[PDB]
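Cβ: placed from backbone, ideal geometry, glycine included. Neighbour counts: every protein chain shown. What is reported rests on the model, the rules as stated and the sources as named; none is laboratory data.
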Protein chains: 2
Amino acid sequence: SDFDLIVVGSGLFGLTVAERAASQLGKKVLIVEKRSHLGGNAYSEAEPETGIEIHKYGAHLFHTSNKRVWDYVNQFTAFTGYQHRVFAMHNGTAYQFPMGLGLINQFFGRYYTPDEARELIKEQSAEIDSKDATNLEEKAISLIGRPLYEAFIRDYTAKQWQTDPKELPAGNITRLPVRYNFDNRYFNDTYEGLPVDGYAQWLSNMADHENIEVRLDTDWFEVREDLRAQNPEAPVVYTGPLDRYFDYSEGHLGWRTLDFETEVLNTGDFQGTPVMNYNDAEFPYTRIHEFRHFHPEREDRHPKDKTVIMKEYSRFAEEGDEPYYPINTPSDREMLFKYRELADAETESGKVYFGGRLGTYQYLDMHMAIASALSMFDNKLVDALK
Amino acid sequence: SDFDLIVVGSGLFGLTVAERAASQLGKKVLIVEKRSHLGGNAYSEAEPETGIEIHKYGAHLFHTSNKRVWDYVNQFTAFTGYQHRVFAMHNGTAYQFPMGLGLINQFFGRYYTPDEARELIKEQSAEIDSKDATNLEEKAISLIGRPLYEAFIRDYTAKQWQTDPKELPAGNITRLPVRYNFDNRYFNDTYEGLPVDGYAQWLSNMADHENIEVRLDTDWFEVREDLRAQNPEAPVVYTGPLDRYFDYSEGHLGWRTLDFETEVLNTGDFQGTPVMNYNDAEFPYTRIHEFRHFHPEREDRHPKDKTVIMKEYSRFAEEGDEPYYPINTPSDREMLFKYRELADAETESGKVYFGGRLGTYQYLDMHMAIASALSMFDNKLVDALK
Ligand SMILES: Cc1cc2nc3c(=O)[nH]c(=O)nc-3n(C[C@H](O)[C@H](O)[C@H](O)COP(=O)(O)OP(=O)(O)OC[C@H]3O[C@@H](n4cnc5c(N)ncnc54)[C@H](O)[C@@H]3O)c2cc1C
Ligand SMILES: Cc1cc2nc3c(=O)[nH]c(=O)nc-3n(C[C@H](O)[C@H](O)[C@H](O)COP(=O)(O)OP(=O)(O)OC[C@H]3O[C@@H](n4cnc5c(N)ncnc54)[C@H](O)[C@@H]3O)c2cc1C
Ligand SMILES: O=c1ccn([C@@H]2O[C@H](COP(=O)(O)OP(=O)(O)O[C@H]3O[C@H](CO)[C@@H](O)[C@H](O)[C@H]3O)[C@@H](O)[C@H]2O)c(=O)[nH]1
Ligand SMILES: O=c1ccn([C@@H]2O[C@H](COP(=O)(O)OP(=O)(O)O[C@H]3O[C@H](CO)[C@@H](O)[C@H](O)[C@H]3O)[C@@H](O)[C@H]2O)c(=O)[nH]1
Ligand code: NA
Ligand code: NA
């Protein structure tokens, strides 16, 4: 046949499943993608005026402690030695971040040793027992105290969720967000970096295989009857929206979206760092990204007098908006269980598997999407494609 | 013969010359080393109570932009992804360091953008023109201004040199010590790390070759007549003290030394970072090293409740003291030129080559010693050993 497997969507989940089927099982794979490009939200492109690599669906930082995933992705791109670090802007000062000896010194006014900082945090957080916390605000305070909470957590959290933290689940915070050393590596994973030649080259390399066909600007729901009629026995891996697949018969699942305001400025350097969080309520955006600093190794390709920045705004996703983060209200959770039952039945009757962020209503980092795809490949697809 | 080449001293210079002769030319090499161990001042060992790797002749951080050197050293050890970062303690606060947007924010009280910081530094340093500076103090001020100079440079410099900075050469500072971003990577080199299994294993691996013989606890000057009589034609590479070699006939070259006060403390973490500079005159030491943080990858081998620190003191090297840094007074420079003429004559008459830190009265980082040895090998020894 012209294809043995159909993959709907070319995000990291779809790309991984397609590439494994193509290279490991020698199967012909047809990837159907609704957008004008590969890669889903991880896709990046050159900003036209400066040439700087930017993102239109959020900044993407790759990090993992999963060696299998790391070895896998390095087949398709090399990674720089980039390490993500973040600064937090509060009341006109850029704080070291996450919370640690650095921020603590800056905020409380003098140097605290590791042991002194431990003592300080116990004093500050004595007010509420975490076992007694009834919401996010209390849970935060019970861990780090009011001054730190009110300075670095309250408004940022309020902006991201568009909710007062007194109305958010105590379960949103599950561990002490404080380090008792000067380590401000943002992520804690064994492996970390950025694709040496950008995300677009990486994701394009994954789909670059003699056994893989890609059709861009193509909506699955507009072509599915025709495609499946060409080879009825070919299974489908669907990574589009789960609720949309079943005509919203159980309601619309709720998502958070993001707005990005991207500007080219007439300076070579706007903030001297890739990411600056804006922790104060007076700034409507949560953070500013300055894209050139994600790739300092490209400096003599970047302009000396211009830079691209991007302000990030969070809100509830309405019709038209890109769905990014599942909200997971108990209503959402309940119509999700209903959709899982429909999906499971569809797999049994129609050989349609459901995966990825949209297909399963679950936020997935890139390495988690890849791991999830590798698992579906191993445990489901190898058998379905015999 | 039993040896084709004699190398005096097993620092990185000697080890490199010995290993190249052994492996590239297939020559028998005898290394004579006065101390009880290999590796010179780069040698490290386990502290007995904690097991933590420590140094007795200074902390050693490996970094280079020389790819040949990098490829070379990686034949003998793997390196961790350690990146050196330093903090500067001033008036009870730990500052981000070197001078950059971080320190500037902390010191001047609010956030300065890259362009604002550039403007600030021009205002601060307007007082003196660097072309008009007559000493170190003025040269420093002409670059960064009095407040920064007096906070972070004056006393530290005074402690290291045991001299008032008004009495030091304007030539000691040659570039703007200020970064206009938040990058606090301490070194600027392409390659950086620490030997995965410690320096002792690395340096021992270099000398581990079927063609290499090592005699520890052996002073060249006590054995040289006997050794050379066994094979008169074998050249010598001498990396011992240059002035001592010629019986101080032209005077004693002046060196700076260091005292180290090493303590085991009953806490798991003393300062939460590998190196804390003490910039204030009230502390007699220049900095404290906390050795466990050079190898965070070894954390579950390190004790949870103990840590080794080391305070560093600088002074002029007297009889007995380990000579570490050449002072280079014009007197020194003049008796050095005299010694260079003697050395050059000795090479011609006795086939004794002079190299390394002590052999040439010049401070050398590890990669610079290696490069210098590789060069002596290439340009001198290959011909001398035919
Ligand atoms: C704002 C944001 C920031 C992120 N930052 C990071 C980060 O820093 N680090 C990290 O590891 N991960 C990050 N991620 C996650 C990362 O993008 C994952 O790769 C992804 O979210 C999950 O994998 P996926 O393939 O299922 O999803 P997707 O990327 O959503 O891919 C699904 C694809 O299916 C296509 N599709 C949908 N419906 C149809 C249809 N009917 N027909 C055809 N095609 C269709 C879509 O157009 C899309 O290309 C971020 C995600 C977002 C949204
Ligand atoms: C305090 C300090 C800190 C340093 N920190 C760093 C750092 O962070 N990064 C970096 O890259 N470099 C650092 N270095 C430099 C590093 O140690 C170099 O490897 C070295 O200084 C230069 O190489 P070398 O082989 O000539 O010297 P050495 O290390 O001095 O080796 C010379 C050897 O010759 C031996 N010897 C002397 N006389 C005789 C004799 N008569 N007979 C036999 N043997 C003899 C000595 O015992 C010694 O083992 C530091 C050095 C010091 C002193
Ligand atoms: O300055 C800050 C930063 C974070 N938070 C709190 O932490 C939460 C998470 O903050 P966010 O900025 O989204 O952190 P990220 O590390 O960027 O997390 C997202 O993006 C990561 C990219 O890899 C993923 O690992 C995570 O799963 C995903 O939630 C927020 O909602 C707040 O409650 C603050 O209060 N203040
Ligand atoms: O907090 C500080 C640090 C440095 N200095 C000035 O900078 C000079 C150098 O300081 P130092 O602490 O010795 O810097 P290092 O980077 O440790 O330099 C030594 O050790 C490095 C280890 O790789 C080598 O690269 C260098 O050549 C060697 O001089 C001092 O004398 C001061 O004049 C200050 O004023 N304040
Ligand atoms: Na508490
Ligand atoms: Na000036």
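Applying the selection to the stretch B:154-173, what residues are over 19 Å from B:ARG287 (Cβ atoms) and either in a helix (DSSP H, G or I) or near ligand 4 (Cβ under 8 Å from one of its atoms) (or both)? Let's see the steps before the verdict.
First, pick out the residues of the stretch B:154-173 that are over 19 Å from B:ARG287 (Cβ atoms): B:164, B:166-171, B:173.
Those that are over 19 Å from B:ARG287 (Cβ atoms) and either in a helix (DSSP H, G or I) or near ligand 4 (Cβ under 8 Å from one of its atoms) (or both): B:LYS166, B:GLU167, B:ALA170, B:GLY171, B:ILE173.
Tell me, please, whether a residue that is surrounded by fewer than 19 Cβ atoms within 10 Å (Cβ to Cβ), touching a residue at least 12 places away in the same chain (Cβ under 8 Å) and touching a strand residue (DSSP E or B) at 6+ places or on another chain (Cβ under 8 Å) can be found in the stretch A:332-341.
Within the stretch A:332-341 (the criterion being surrounded by fewer than 19 Cβ atoms within 10 Å (Cβ to Cβ), touching a residue at least 12 places away in the same chain (Cβ under 8 Å) and touching a strand residue (DSSP E or B) at 6+ places or on another chain (Cβ under 8 Å)), the answer is yes, since at least one residue qualifies.
Which one is nearest to ligand 3 (Cβ to nearest atom) among residues in the stretch A:210-242 that are in contact with a helix residue (DSSP H, G or I) (Cβ under 6 Å, 6 or more places away or on another chain), outside any loop (DSSP other than H, G, I, E, B) and closer than 14 Å to A:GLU346 by Cβ? First the steps, then the outcome.
Narrowing the stretch A:210-242 to residues in contact with a helix residue (DSSP H, G or I) (Cβ under 6 Å, 6 or more places away or on another chain): A:211-212, A:214, A:235, A:237-242.
From what's left, outside any loop (DSSP other than H, G, I, E, B): A:212, A:214, A:237-238, A:242.
If we keep only those that are closer than 14 Å to A:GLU346 by Cβ as well, we get A:237-238, A:242.
Working: A:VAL237: 24, A:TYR238: 23, A:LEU242: 20 Å.
By that ranking, first place goes to A:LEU242.
Report, by residue number, each residue of the stretch A:175-208 that is of a type in the set (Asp, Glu) and within 11 Å of chain B (Cβ to nearest Cβ).
Residues of the stretch A:175-208 that are of a type in the set (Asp, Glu), as a first pass: A:183, A:189, A:192, A:197, A:208.
Scanning the stretch A:175-208 gives A:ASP183, A:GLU192.
Take the residues in the stretch A:278-293 that are among the hydrophobic types (A, V, I, L, M, F, W, C) and touching an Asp or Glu at 6+ places or on another chain (Cβ under 8 Å), then tell me which one is surrounded by the fewest Cβ atoms within 10 Å (Cβ to Cβ).
Initial filter on the stretch A:278-293 (among the hydrophobic types (A, V, I, L, M, F, W, C)): A:281, A:283, A:288, A:291.
Of the ones still in play, those that are also touching an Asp or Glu at 6+ places or on another chain (Cβ under 8 Å) are A:281, A:288, A:291.
Numbers: A:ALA281: 11, A:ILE288: 21, A:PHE291: 21.
Restricting to residues being among the hydrophobic types (A, V, I, L, M, F, W, C) and touching an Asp or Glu at 6+ places or on another chain (Cβ under 8 Å), the top hit is A:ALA281.
B:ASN172: farther than 20 Å from A:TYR111 by Cβ, more than 14 Å from chain A (Cβ to nearest Cβ) and touching a residue at least 24 places away in the same chain (Cβ under 8 Å), yes or no? Full working, then the answer.
Numbers: farther than 20 Å from A:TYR111 by Cβ: yes; more than 14 Å from chain A (Cβ to nearest Cβ): yes; touching a residue at least 24 places away in the same chain (Cβ under 8 Å): yes.
Against the criterion (farther than 20 Å from A:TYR111 by Cβ, more than 14 Å from chain A (Cβ to nearest Cβ) and touching a residue at least 24 places away in the same chain (Cβ under 8 Å)), B:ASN172 qualifies.
Can you name every residue in the stretch A:232-263 that is more than 18 Å from A:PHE354 (Cβ to Cβ), crowded, with 16+ Cβ neighbours inside 10 Å and not charged (D, E, K, R)?
Answer for the stretch A:232-263, where residues must be more than 18 Å from A:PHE354 (Cβ to Cβ), crowded, with 16+ Cβ neighbours inside 10 Å and not charged (D, E, K, R): A:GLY254, A:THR257, A:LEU258, A:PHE260.
Might you check whether a residue that is within 24 Å of the chain's Cα centre (by Cα) and away from every other protein chain (no Cβ under 14 Å) occurs anywhere in the stretch B:244-251?
yes
Keeping to the stretch A:108-133, report how many residues are of a type in the set (A, V, I, L, M, F, W, C), within 11 Å of chain B (Cβ to nearest Cβ) and surrounded by fewer than 20 Cβ atoms within 10 Å (Cβ to Cβ). Working first, answer last.
Within the stretch A:108-133, the subset of a type in the set (A, V, I, L, M, F, W, C) is A:108, A:117, A:120-121, A:126, A:128, A:133.
In the following step, the residues that additionally are within 11 Å of chain B (Cβ to nearest Cβ) were identified as A:108, A:117.
Subsequent filtering for residues that are surrounded by fewer than 20 Cβ atoms within 10 Å (Cβ to Cβ) retains A:108.
Residues that pass the stated criteria total 1.
Exactly one of these conditions fails for B:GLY58: (1) in a strand (DSSP E or B); (2) surrounded by fewer than 19 Cβ atoms within 10 Å (Cβ to Cβ). Give me its number.
Going through the list (1) in a strand (DSSP E or B); (2) surrounded by fewer than 19 Cβ atoms within 10 Å (Cβ to Cβ), B:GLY58 breaks only (1).
Among the residues of the stretch A:359-386, how many are out of contact with any strand residue (DSSP E or B) (no Cβ under 9 Å at 6 or more places or on another chain), in a helix (DSSP H, G or I), among the aliphatic types (A, V, I, L, M) and surrounded by 16 or more Cβ atoms within 10 Å (Cβ to Cβ)?
2
Taking B:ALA140 as the residue in question, decide whether it is crowded, with 18+ Cβ neighbours inside 10 Å, within 14 Å of chain A (Cβ to nearest Cβ) and not in a loop (DSSP other than H, G, I, E, B). Reasoning before the result, please.
Values: crowded, with 18+ Cβ neighbours inside 10 Å: yes; within 14 Å of chain A (Cβ to nearest Cβ): no; not in a loop (DSSP other than H, G, I, E, B): yes.
Criteria not met by B:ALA140.
Applying the selection to the stretch B:91-107, what residues are part of a helix (DSSP H, G or I) and at the interface with another protein chain (Cβ under 7 Å from one of its Cβ atoms)?
Correct list: B:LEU101, B:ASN105, B:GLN106.
Do we find that B:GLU312 is within 16 Å of ligand 4 (Cβ to nearest atom), in contact with a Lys or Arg (Cβ under 6 Å, 6 or more places away or on another chain) and assigned by CATH to the domain that holds B:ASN279 in this structure? It would help to see each step written out before you state the result.
Working: within 16 Å of ligand 4 (Cβ to nearest atom): yes; in contact with a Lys or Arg (Cβ under 6 Å, 6 or more places away or on another chain): yes; assigned by CATH to the domain that holds B:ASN279: yes.
Against the criterion (within 16 Å of ligand 4 (Cβ to nearest atom), in contact with a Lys or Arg (Cβ under 6 Å, 6 or more places away or on another chain) and assigned by CATH to the domain that holds B:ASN279), B:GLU312 qualifies.
Would a scan of the stretch B:23-45 turn up a residue that is basic (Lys, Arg), within 16 Å of ligand 2 (Cβ to nearest atom) and within 14 Å of chain A (Cβ to nearest Cβ)? Full working, then the answer.
Step one: of the stretch B:23-45, the residues basic (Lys, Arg) are B:27-28, B:34-35.
Among the residues that remain, those that are also within 16 Å of ligand 2 (Cβ to nearest atom) are: B:34-35.
With within 14 Å of chain A (Cβ to nearest Cβ) added as a condition, the list becomes none.
Within the stretch B:23-45, none of the residues are basic (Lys, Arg), within 16 Å of ligand 2 (Cβ to nearest atom) and within 14 Å of chain A (Cβ to nearest Cβ).
Any idea which of (1) within 14 Å of another protein chain (Cβ to nearest Cβ); (2) touching a strand residue (DSSP E or B) at 6+ places or on another chain (Cβ under 9 Å); (3) not aliphatic (A, V, I, L, M) is the one A:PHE152 doesn't satisfy?
(1)
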